[PDB]
């Protein structure tokens, strides 16, 4: 079976999230969605740093063509942070756009660049709840002239994103739906259509909620299962096919990104936040970062955002 290693050097996170592997610098970036912090891990040098802001954060993605700059979320704003990767605060902040200026209790959540470099990200109520809570989120992409376009409404908890290698499909998770959806993706118009369920947790006795996800070069999706103590591997060739399960010690698995020199080491974030309606006692809920090897697949380098 695959080897699941707890990364001792990284400690515990309230809600570690948003992992991004920069392949040229062999560096993992990630966030804590509650603690208002960004994080960097350089595994080959065992180097860890953090960066503090005063707004809720949910993703960190290098800006294409601009070393030392990152596209991030700050509450409902998409912004460029100039950060040296080591100081405990950014050097400067350049706001790009507020996606929801008049929705005072919403926030951005998961986000990722499509393979063409367009940032896609969605929102949620800050006080969203599972299985049932306020449903106030939408899915966006950031297009030309720094304006966002909306693609879907009625999202409870805007979560993991991936695209097929042929650029014909997008995959998307609202954790409240307890399923992964697939869509036809038109790369020329940057629009999605024909939404349909790909994989439905209840049909496979999978507990918990889908959270972040990523795709491998064979086209399999790797999905974090929050309150399921696992990642799952699912088909994109046939609907409703569970290919494998890998248990992760932390129950609240949050997200996934392939890394390492050969793109074959799966980094897995988790959450130590202890929630009142948990299926797991507090002693189990820690928030470590893990690395999974031996999966027999390779992923893709993290894509930078183009502005």
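The term rigid core refers to the most C-alpha atoms you can superpose between the two forms while keeping them within 1.5 Å. Residue numbers count along the first chain shown, from 1.
- When the other structures are laid on the shown form by the core, the C-alphas of 139-147 and 111-119 differ in how far they drift in 8 other deposited structures of this protein; the larger average drift belongs to 139-147.
- Taking the PDB entry as given, 276-284 carries the higher mean Cα B factor of the two stretches 276-284 and 28-36.
- For the two regions 60-68 and 265-273, the entry's Cα B-factors average higher over 60-68.
- Take 75, 174, 202, 152 and read off each C-alpha B-factor from the entry; 202 has the highest.
- Reading the B-factor column for the CA atoms of 158, 148, 215, 113 in the entry, the top value corresponds to 148.
- The PDB entry assigns residue 196 a C-alpha temperature factor belonging to the highest third of its chain's modelled residues.
- Sorting the modelled residues of the chain by their CA temperature factor places residue 134 in the highest third.
- Among all modelled residues in this chain, the alpha-carbon of residue 297 has a temperature factor (C-alpha) in the highest third.
- When all modelled residues of the chain are sorted by CA temperature factor, residue 9 is found within the highest third.
- For residue 241, the recorded CA B-factor ranks within the highest third of the chain. Only modelled residues enter the ranking.
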